[PDB]
């Protein structure tokens, strides 16, 4: 049940892919690859990067995985350019889905709700002032199309139930994404505007941002 999956292409090789930068207030705990392009590795800030012996990637205590930027040795820049293209394609693919199952549901106020599989569209902002739930099987899918901002209030969380998997959840969001202190989020975020995960928040998912990503001691686990 739910919409056909959104193709991520090689953007699905990254836990965080950005264009203008990724910052961290230490200590974030990120599992998966972190890439930026056309930003250079100088736009990866707060990571205390160690350049690899091949000059093609770097490492950080904050990342289990490789970091890459547009100024690393070949073939890294070409790989990143392709991934950025794939992110842009994924955003358009997700954003242009039609025939929503749910339109303006809850006026975008998701606290206390359970979200069944489907395509959702809001012309408003969307957020959660209380914990909420995503419920479906291991093969069901969700696409959440948000024209406004997306936010989760401090300390609040999304829980997956029923078998639902974060890899099968997409948020495609035009406005800023703000995940407050200690909140916990799930799914792949396709963002056009800045994405911020504030102190001690977490994501089981992926961040594919066309501008910047700002982390504050966040736990970001690739799904």
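Numbering follows the first chain given and starts at 1.
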item	value
Maximum C-alpha temperature factor, selected from 172, 41, 63, 177	41
Criterion, highest CA B-factor; candidates, 108, 112, 88, 148	88
Entry-reported Cα temperature factor of residue 129, expressed as the chain third it lands in	middle
Chain thirds of CA B-factor: placement of residue 92	highest
Assigned third (lowest, middle, highest) for the C-alpha B factor of residue 23	lowest
B-factor third for the C-alpha atom of residue 48 within its chain	highest
Third of chain Cα B-factors occupied by residue 183	middle
